[PDB]
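Each answer follows from the model by the rule given with it, or from the source it names; these are not laboratory values. Cβ placement follows ideal geometry from the backbone for every residue including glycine, while neighbour counts extend to all protein chains displayed.
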Amino acid sequence: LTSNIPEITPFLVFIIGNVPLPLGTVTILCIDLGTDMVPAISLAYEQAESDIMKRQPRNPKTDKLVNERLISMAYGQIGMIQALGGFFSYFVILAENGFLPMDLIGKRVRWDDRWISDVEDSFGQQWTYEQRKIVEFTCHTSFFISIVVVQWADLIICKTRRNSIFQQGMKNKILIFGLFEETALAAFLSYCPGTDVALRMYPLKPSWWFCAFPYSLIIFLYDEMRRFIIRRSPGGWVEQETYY
Amino acid sequence: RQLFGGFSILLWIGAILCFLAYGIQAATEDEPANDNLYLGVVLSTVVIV
Amino acid sequence: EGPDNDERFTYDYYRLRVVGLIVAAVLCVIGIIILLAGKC
Amino acid sequence: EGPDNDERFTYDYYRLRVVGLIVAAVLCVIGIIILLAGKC
Amino acid sequence: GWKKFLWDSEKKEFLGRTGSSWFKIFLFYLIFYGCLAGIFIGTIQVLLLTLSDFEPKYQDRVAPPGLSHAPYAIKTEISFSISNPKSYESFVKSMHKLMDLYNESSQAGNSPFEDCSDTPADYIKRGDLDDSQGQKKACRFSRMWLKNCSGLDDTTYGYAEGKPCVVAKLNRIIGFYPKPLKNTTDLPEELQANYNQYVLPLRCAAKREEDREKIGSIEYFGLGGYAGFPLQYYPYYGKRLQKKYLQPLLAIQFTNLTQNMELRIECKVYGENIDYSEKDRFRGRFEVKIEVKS
Amino acid sequence: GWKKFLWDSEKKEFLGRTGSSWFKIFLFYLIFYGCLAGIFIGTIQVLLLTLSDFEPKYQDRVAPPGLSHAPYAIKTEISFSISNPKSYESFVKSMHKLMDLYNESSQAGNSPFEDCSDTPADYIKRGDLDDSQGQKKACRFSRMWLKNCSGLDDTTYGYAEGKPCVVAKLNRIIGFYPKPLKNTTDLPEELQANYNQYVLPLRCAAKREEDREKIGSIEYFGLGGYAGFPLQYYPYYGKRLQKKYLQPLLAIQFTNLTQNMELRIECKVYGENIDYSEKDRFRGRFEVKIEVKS
Amino acid sequence: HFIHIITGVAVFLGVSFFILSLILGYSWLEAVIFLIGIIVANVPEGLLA
Ligand SMILES: C=C(/C=C\C[C@@H](O)[C@@H](O)[C@H](O)C/C=C/C=C\[C@@H](O)C[C@@H]1O[C@H](C[C@@H](O)[C@H](O)C[C@H]2O[C@H]([C@H](O)[C@H](O)CC[C@H](O)/C=C/[C@H](C)[C@@H](O)C[C@]3(O)O[C@H](C[C@@H](O)CCCCCCC[C@@]45C[C@@H](C)C[C@@](C)(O4)[C@@H](C[C@@H](C)CCCCC[C@@H](O)[C@H](O)[C@H](O)[C@@H](O)[C@H](O)[C@H]4O[C@H](C[C@H](O)[C@H](O)/C(C)=C/[C@H](O)C[C@@H](C)[C@H](O)C(=O)N/C=C/C(=O)NCCCO)[C@H](O)[C@@H](O)[C@@H]4O)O5)[C@H](O)[C@@H](O)[C@H]3O)C[C@@H](O)[C@@H]2O)[C@@H](O)[C@H](O)[C@H]1O)CC[C@H](O)[C@@H](O)[C@H](O)[C@H](C)C[C@H]1O[C@H](/C=C\[C@@H](O)[C@H](O)C[C@@H]2C[C@@H]3C[C@H](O2)[C@@H](CC[C@H]2O[C@H](CN)C[C@H]2O)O3)[C@@H](O)[C@H](O)[C@H]1O
Ligand SMILES: CCCCCCCC/C=C\CCCCCCCC(=O)OC[C@H](COP(=O)(O)OCC[N+](C)(C)C)OC(=O)CCCCCCC/C=C\CCCCCCCC
Ligand SMILES: CCCCCCCC/C=C\CCCCCCCC(=O)OC[C@H](COP(=O)(O)OCC[N+](C)(C)C)OC(=O)CCCCCCC/C=C\CCCCCCCC
Ligand SMILES: CCCCCCCC/C=C\CCCCCCCC(=O)OC[C@H](COP(=O)(O)OCC[N+](C)(C)C)OC(=O)CCCCCCC/C=C\CCCCCCCC
Ligand SMILES: CCCCCCCC/C=C\CCCCCCCC(=O)OC[C@H](COP(=O)(O)OCC[N+](C)(C)C)OC(=O)CCCCCCC/C=C\CCCCCCCC
Ligand SMILES: CCCCCCCC/C=C\CCCCCCCC(=O)OC[C@H](COP(=O)(O)OCC[N+](C)(C)C)OC(=O)CCCCCCC/C=C\CCCCCCCC
Ligand SMILES: CCCCCCCC/C=C\CCCCCCCC(=O)OC[C@H](COP(=O)(O)OCC[N+](C)(C)C)OC(=O)CCCCCCC/C=C\CCCCCCCC
Ligand SMILES: CCCCCCCC/C=C\CCCCCCCC(=O)OC[C@H](COP(=O)(O)OCC[N+](C)(C)C)OC(=O)CCCCCCC/C=C\CCCCCCCC
Ligand SMILES: CC(C)CCC[C@@H](C)[C@H]1CC[C@H]2[C@@H]3CC=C4C[C@@H](O)CC[C@]4(C)[C@H]3CC[C@]12C
Ligand SMILES: CC(C)CCC[C@@H](C)[C@H]1CC[C@H]2[C@@H]3CC=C4C[C@@H](O)CC[C@]4(C)[C@H]3CC[C@]12C
């Protein structure tokens, strides 16, 4: 559910702010059924944190499976950071090729016209229709890769609900395999000859793969301190507000 | 029984809606995007599988 | 430079794809190693 | 636990020193490698 | 249920919490989102510092250059009746919009428009891409050069009696030097005559072998009377260093056009750093469908 | 030079800059140092969150336990004249400071001082190191137990007529269980008699073989009349979980002490989790230099 | 109960971006189609598998 937000916000800013489409449909499909699955399947192999044969039976009328405390995390805090990281890699790709963030607002109507072969950028260059479309597609590829990068820290902060990572431990071999495969698939979809004709994903330059790293580290640090106040302060605000 | 179950309903409509949009988009213009014929065959596969 | 500044408009995407594939392959292998390491 | 909780007051400084020395040695070697790599 | 979860009067709760809860949550989200906004803004400012103002860091996606045209035809088709005047209005309004930028009133004084050779010439380098010598100077391009398609004599530009014009234009690229083909034994048929090295040739033809006969006399108008672009208007230094810059233009009159029949005309520029693409039908060449139905 | 770099009146400069410069620099340093302070404070708050309030994370630097004493002798020497009263005042003031904490008035009511066995007994576990059962309860230790050194009869405690006392004390350690030596054939000579398992023995002697003769009768006072510490006062749960806790004490009277001569007396505790150190002369044992010069 | 909440948030994001789009100058046909696209995006397809 965390991956949702960074999948809808691009279109919302598209219709309201009038900017070129940040996340394509064949890329959402690649994340929705590619990257997410193996890790989500691996999250089942997680061992207990505390003694499970010691707690009382769950109340059916109060402790549900999906409460508002979860929605506040996935839809509210983690997904938001992931969406911001994606919009960062996007603006970087368009600024390095010629379209600065001030000239993108108000361009969609002429960016999508199939009969305007002269679109001026922030520096004065004239771009044909197919040329600007290639850049938009490369922005979709990097957006998808940014999603995978932030999903790394999301799969690690989702591994444990309360306990710390330095306590439980990364003894789950399936999760490790999930991260490795999740990265190999993105690189494969972006560098195999014939993807720009079949799936529309262009190769990325090596400096762009590092635009999502800080957001991931931040997600990890935020969730770590979150899981810390719950332990030291039982029954406090962080527990009745963020404890799934 | 298993095909019309769990949340296969959410996805059945998603699939139906996807092919409806491809129908309308196809008979209206000869050059429509196909984000729907794919989105629909995929969604449907996630239910059949 | 000057008139023959043709390099200013060229990029070696070929070499980039070759390297990116070598790397993807390596990551995939390492993954398999970790996965099967224990069942032998 | 209880009365015989003697472990709660022991630390294996020996093993720690052994490892810290192995590591120091390795770092020292790597350094030399980098320094002389080129003059051969 | 329905009513109580909405508003109970013993615990003074609305939707579930009290006033102090809604306040604690609203304050938390305001501080959280505020920090998020400040972080995103800082990471965008460092980005404004990385790039240069006089030159795009990457120029590989725009090469070679395209070939656009006025008028603005949708689906690359120019169809209009010689009787109904409200048929070619959408075209003239565009043609006019394009030529309205070459008005002599705009080009006046010493700056930043200097008088250049009335006959094609070689390149002109106004230094590097710096701010040292201020704003560079661009060559003047007069309207009148285009003889029968200028909107100065026959405002309509031709569409009035079955003789249309097509003003072709080369896509502006920073630091791009056009290089024409040399006089060696290998050169297309057409290009042999009038080999003005300093001129980049543009030549239109018919897509199919049949249509040849149905297409009449392609009359090109340009600088010096040649069917090309003079090399003296290059290179382009970019908006920041060359505001008030005009790119050459080439007019094409399709005289003697068969009536009531769709004609496919493909125009193409030639040169060394010019390459076409089977996917982009506007890279170096362009296609137009003309049908003067009357 | 001298005068101008200090104050010129044309550019209105002081020390070198104008008013707006000193302001730009002062404002920058204020913001910079403010951010530095906030960062250091945040990194210290996360540290306050890491650790536990009822138990030090590392307890390897304090084991085994030491052996301190009252009085407070500097260089481990107790020298005083039996005539001049202003000679043993610094000692009595300390002894008194230590015993002043065992006043019966302080130990009153059911909490948190419960009555314990008047004779040595075994350990007592008041649960785990949690806040579940509130503040734990500690055993009461009466002053009178120490018979001739209590400051209740002879305030001076002995120093008045050439017979001093030395109240020994075992260093308080959280969760430390004292373990005395067993009755097996291997045990020091001294310890054989009065083997009260529940008592940790303390025995003083002479550092050198010669001094033996010059040292008289070491009379130990303690709980039950034994020369040790009762195991019932352990373990210690820490200040937070056991405020108002009293540690056992053992009085030692050095009767029949030779006059006008420095005597080196070494006291030593025995037990399993007790180990001495050749570097720390207070770990398990202690040394005292006594010289009753009169 | 999971499907219940997921749909809750779907109609909320849609009626809200509907009033917002009308505040920006769009017509009722295009704005209606925007409410359709946002609801379809709130569908977890791998959640089923
Ligand atoms: C198939 C689909 C649908 C469409 C597909 C489409 O593409 C295609 O199929 C085409 O359709 C093909 C169809 C072809 C059909 C036929 C053709 O073959 C044939 C040819 O068509 C050609 C045309 C064609 O070329 C066309 O152009 C095609 C395009 O069509 C669309 C056009 O744009 C546009 O619609 C044109 C349509 C037409 O023009 C509309 C006309 C109007 C309706 C109407 O007015 C006309 C007219 O009047 O209608 C009359 C009939 C009447 O009875 C009707 C009664 C009216 C009711 C009135 C009540 C209104 C109402 C209603 C209330 C509920 C609310 C309320 C507020 O409003 C309330 C208020 C009241 C009080 C208002 C009362 C007003 C009264 C008005 C009425 O009376 C009438 O207007 C009136 O009578 C008039 O006559 C009269 O003139 C009036 O004029 C005035 C009235 C005003 O105008 C009007 O009122 C206005 C302005 C209202 C304004 O709103 C008011 C505002 C100002 C505002 O209030 C305001 O002030 N604000 C001020 C703010 C302010 O100051 N602020 C100050 C700030 C200070 O701080 C005047 O005022 C009035 O007084 C006056 O009376 O009451 C009558 O007939 C006539 O009168 C008629 O003329 C657009 C497209 O459809 C299409 O391209 C023709 O040229 C040709 O000749 C013909 O042959 C399915 C969609 C897909 O599913 C979806 O994928 C889709 O594709 C995407 C969404 C695309 C988008 O994205 C694309 C890129 C990628 C996408 O694809 C990706 O896929 C995105 C995805 C999506 C998701 C998410 C994600 O991303 C991905 C992930 C998903 C996956 O991941 C998941 C996991 N996570 C899993 C999986 O799901 O999936 C993009 O490329 C797309 O672009 C993009 O869109
Ligand atoms: C600027 C860039 C920002 C990037 C942000 C995203 C970061 C996300 C990726 C990686 C984060 C790594 C976090 C490191 C955590 C280490 C924790 C650790 O070490 O805790 C020690 C545990 C505890 O042990 P214990 O005391 O319970 O044992 C008891 C044994 N008894 C029972 C026998 C006594 O020990 C154990 O877990 C057992 C040993 C497990 C060793 C794990 C080593 C593998 C670690 C990471 C794999 C790399 C993934 C890379 C993904 C990229 C793909 C291209
Ligand atoms: C433990 C078990 C381990 C197993 C690991 C298995 C890993 C498998 C690794 C690699 C195999 C991948 C498939 C290989 C595809 C080869 C495609 C190829 O060689 O194409 C070459 C030609 C390109 O020629 P050109 O440059 O002249 O074209 C110019 C076109 N112009 C000029 C018009 C733009 O192709 C074309 O023309 C047409 C391109 C056809 C598109 C085929 C791509 C398939 C699409 C999606 C499937 C990917 C799903 C992901 C599966 C992940 C599994 C882990
Ligand atoms: C367990 C982990 C699974 C990981 C797998 C990732 C899941 C992927 C999920 C969704 C992606 C599927 C979307 C299908 C996209 C089809 C695109 C298509 O049909 O585009 C049509 C293009 C036409 O393009 P154009 O008009 O520019 O041509 C102009 C040619 N002129 C100008 C030269 C004439 O034709 C061409 O590309 C011709 C080449 C045809 C390429 C077909 C590639 C099909 C790829 C995947 C289908 C199988 C996936 C099953 C796995 C499910 C996993 C759960
Ligand atoms: C690119 C993405 C960047 C994202 C960065 C995000 C950084 C922002 C992180 C935190 C800012 C939010 C602080 C909000 C403070 C106001 C909240 C408030 O008003 O709270 C009131 C309560 C005190 O009420 P009570 O419980 O006594 O009343 C009992 C009432 N009853 C019964 C309901 C429980 O407050 C409490 O409990 C204390 C709880 C305070 C919350 C601690 C959360 C700390 C989380 C993260 C900080 C770590 C940042 C690491 C970043 C590294 C960057 C490299
Ligand atoms: C248990 C142990 C397991 C170990 C398994 C190890 C597996 C082997 C590992 C690595 C193999 C590396 C193969 C390297 C292939 C290099 C191919 C290459 O560099 O081709 C580049 C060129 C296309 O360049 P272009 O000019 O069109 O660029 C576009 C220019 N524009 C768009 C600007 C005009 O190729 C062409 O022309 C011709 C291309 C012909 C088709 C080659 C097929 C390569 C596809 C997939 C193989 C990679 C799989 C790696 C494993 C990944 C696992 C997830
Ligand atoms: C570009 C420049 C490259 C420079 C490379 C320099 C080479 C570095 C050389 C060696 C570093 C590895 C050290 C591994 C030593 C492990 C030994 C071990 O057994 O240690 C266990 C301790 C846990 O101690 P304890 O107190 O829990 O138990 C005490 C229990 N008693 C005392 C009772 C016994 O653990 C530890 O010391 C943890 C050891 C530290 C963990 C390594 C963290 C690595 C950090 C960043 C690297 C990330 C790379 C990501 C890849 C990106 C690729 C593109
Ligand atoms: C071109 C290629 C160049 C390659 C060169 C490679 C050089 C060789 C590399 C590594 C050699 C590793 C040697 C490991 C030695 C382990 C010794 C050890 O673990 O001893 C620990 C114990 C002392 O423990 P404790 O109980 O007193 O602890 C205190 C406990 N408390 C304080 C609480 C009471 O030892 C003892 O008793 C007995 C100690 C006897 C003396 C051992 C001498 C070791 C000193 C230096 C050798 C290390 C040099 C490494 C290279 C570094 C280069 C900068
Ligand atoms: C850790 C968090 C809370 C720090 C957030 C710092 C915020 C408040 C800082 C980070 C970067 C800063 C911006 C950096 C650059 C400029 C350009 C200048 O012409 C106006 C101020 C402006 C726009 C700054 C405003 C404040 C700013 C956004
Ligand atoms: C990037 C920089 C500028 C951020 C600096 C943030 C500063 C202002 C933040 C970081 C950690 C914060 C402290 C964290 C915990 C507490 C304890 C609480 O009982 C009082 C507030 C106090 C003392 C906070 C005051 C504000 C504080 C010091």
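Here are some notes:
- When A:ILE218, A:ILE157, A:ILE176 are screened for being more than 16 Å from ligand 10 (Cβ to nearest atom) and touching a residue at least 24 places away in the same chain (Cβ under 8 Å), only A:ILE157 passes.
- Considering only residues in the stretch A:224-244 that are of a type outside the set (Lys, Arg) and within 16 Å of ligand 2 (Cβ to nearest atom), the one that is farthest from the other protein chains (Cβ to nearest Cβ) turns out to be A:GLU224.
- Identity of the residue in the stretch G:11-32, more than 10 Å from every other protein chain (Cβ to nearest Cβ) and closer than 24 Å to B:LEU43 by Cα, that ends up surrounded by the most Cβ atoms within 10 Å (Cβ to Cβ): G:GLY14
- Lone qualifier among F:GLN259, F:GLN247 - being of a type in the set (S, T, N, Q), in contact with a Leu (Cβ under 8 Å, 6 or more places away or on another chain) and assigned by CATH to the domain that holds F:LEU67: F:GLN247
Results for (1) of a type in the set (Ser, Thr, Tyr); (2) in a helix (DSSP H, G or I); (3) more than 16 Å from ligand 2 (Cβ to nearest atom); (4) not assigned by CATH to the domain that holds E:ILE174, shown as yes or no for each residue.
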residue: E:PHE5; (1), (2), (3), (4): no, no, yes, yes
residue: E:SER20; (1), (2), (3), (4): yes, yes, yes, yes
residue: E:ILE41; (1), (2), (3), (4): no, yes, yes, yes
residue: E:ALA73; (1), (2), (3), (4): no, no, yes, no
residue: E:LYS86; (1), (2), (3), (4): no, yes, yes, no
residue: E:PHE91; (1), (2), (3), (4): no, yes, yes, no
residue: E:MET95; (1), (2), (3), (4): no, yes, yes, no
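Conditions tested, residue by residue: (1) within 14 Å of chain A (Cβ to nearest Cβ); (2) over 15 Å from the mean Cα position of the chain (by Cα); (3) within 16 Å of ligand 7 (Cβ to nearest atom); (4) free of Cβ contacts under 8 Å to residues at least 12 places away in the same chain.
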position	(1), (2), (3), (4)
B:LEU20	no, no, no, yes
B:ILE24	no, no, no, yes
B:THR28	no, yes, no, yes
B:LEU39	yes, no, no, no
B:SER44	yes, no, no, no
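- The residue list A:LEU155, A:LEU179 contains one member that is closer than 25 Å to A:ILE229 by Cβ, more than 16 Å from ligand 1 (Cβ to nearest atom), among the aliphatic types (A, V, I, L, M) and in contact with a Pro (Cβ under 8 Å, 6 or more places away or on another chain), which is A:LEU155.
- Against the list (1) surrounded by 14 or more Cβ atoms within 10 Å (Cβ to Cβ); (2) within 15 Å of E:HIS96 (Cα to Cα); (3) touching a residue at least 24 places away in the same chain (Cβ under 8 Å), the condition E:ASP154 fails is (3).
- For the stretch F:53-77, the set of residues classified as within 14 Å of chain D (Cβ to nearest Cβ), over 21 Å from F:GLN247 (Cα atoms) and either among the hydroxyl-bearing types (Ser, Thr, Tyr) or surrounded by 14 or more Cβ atoms within 10 Å (Cβ to Cβ) (or both) consists of F:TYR58 only.
- Screening B:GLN2 with (1) farther than 23 Å from A:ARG200 by Cβ; (2) surrounded by 15 or more Cβ atoms within 10 Å (Cβ to Cβ) gives one miss only, at (2).
- Scanning the stretch D:1-28 for residues that are within 26 Å of F:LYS125 (Cα to Cα) and assigned to a helix (DSSP H, G or I), we see that the one that is nearest to the other protein chains (Cβ to nearest Cβ) is D:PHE9.
- Remark: A:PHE123 falls outside the filter, which requires a residue to be of a type outside the set (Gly, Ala, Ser) and in a helix (DSSP H, G or I).
- Looking across the stretch A:188-200, the residues that are at the interface with another protein chain (Cβ under 9 Å from one of its Cβ atoms) and either assigned to a loop (DSSP other than H, G, I, E, B) or within 16 Å of ligand 10 (Cβ to nearest atom) (or both) come down to A:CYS192, A:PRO193.
- Being away from chain A (no Cβ under 14 Å) and buried (at least 20 other Cβ atoms within 10 Å of the Cβ) is a property that does not hold for E:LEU181.
- Of the residues making up the stretch A:167-187, those that are more than 7 Å from chain C (Cβ to nearest Cβ), assigned to a helix (DSSP H, G or I) and more than 18 Å from A:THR27 (Cβ to Cβ) are A:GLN167, A:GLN168, A:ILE174, A:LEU175, A:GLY178, A:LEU179.
- Residue match in the stretch B:9-16 (condition: in a loop (DSSP other than H, G, I, E, B) and either surrounded by 15 or more Cβ atoms within 10 Å (Cβ to Cβ) or within 10 Å of another protein chain (Cβ to nearest Cβ) (or both)): no
- All positions within the stretch E:125-150 that are crowded, with 18+ Cβ neighbours inside 10 Å and small (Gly, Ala, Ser): E:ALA138, E:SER150
- Residues that are of a type outside the set (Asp, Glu), farther than 30 Å from E:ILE78 by Cα and within 12 Å of another protein chain (Cβ to nearest Cβ) number at least 2 in the following helices (runs of 4 or more DSSP H) confined to the stretch A:4-118: A:5-17, A:25-30, A:37-42, A:68-73, A:79-97.
- Close pairs from the stretch G:7-36: first under 13 Å from A:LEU12 (Cα atoms), partner of a type in the set (S, T, N, Q) and part of a helix (DSSP H, G or I), Cβ under 6 Å, at least 6 apart: G:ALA31/G:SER21; G:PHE34/G:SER21
- Check on E:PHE80, more than 14 Å from chain A (Cβ to nearest Cβ), surrounded by 19 or more Cβ atoms within 10 Å (Cβ to Cβ) and within 20 Å of E:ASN171 (Cα to Cα): no
- Flag for A:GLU130 being within 11 Å of chain E (Cβ to nearest Cβ), farther than 30 Å from A:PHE220 by Cα, part of a helix (DSSP H, G or I) and free of Cβ contacts under 8 Å to residues at least 40 places away in the same chain: yes
- Qualifying residues in the stretch F:26-52 (those that are within 14 Å of chain A (Cβ to nearest Cβ) and of a type in the set (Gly, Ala, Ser)) - the one nearest to ligand 4 (Cβ to nearest atom): F:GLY42
- Within the stretch A:154-166, the residues that satisfy the criterion of being under 18 Å from A:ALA74 (Cα atoms), in contact with an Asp or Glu (Cβ under 8 Å, 6 or more places away or on another chain) and either basic (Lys, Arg) or in a helix (DSSP H, G or I) (or both) are A:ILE157, A:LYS159, A:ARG161, A:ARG162.
- Some residue of the stretch G:18-33 being under 8 Å from the mean Cα position of the chain (by Cα) and more than 16 Å from ligand 9 (Cβ to nearest atom): no
- Against the list (1) within 23 Å of B:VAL46 (Cβ to Cβ); (2) at the interface with another protein chain (Cβ under 7 Å from one of its Cβ atoms), the condition G:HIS4 fails is (2).
- If the condition is being within 14 Å of chain C (Cβ to nearest Cβ), under 16 Å from the mean Cα position of the chain (by Cα) and within 15 Å of ligand 7 (Cβ to nearest atom), then the stretch A:201-223 contributes only A:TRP209.
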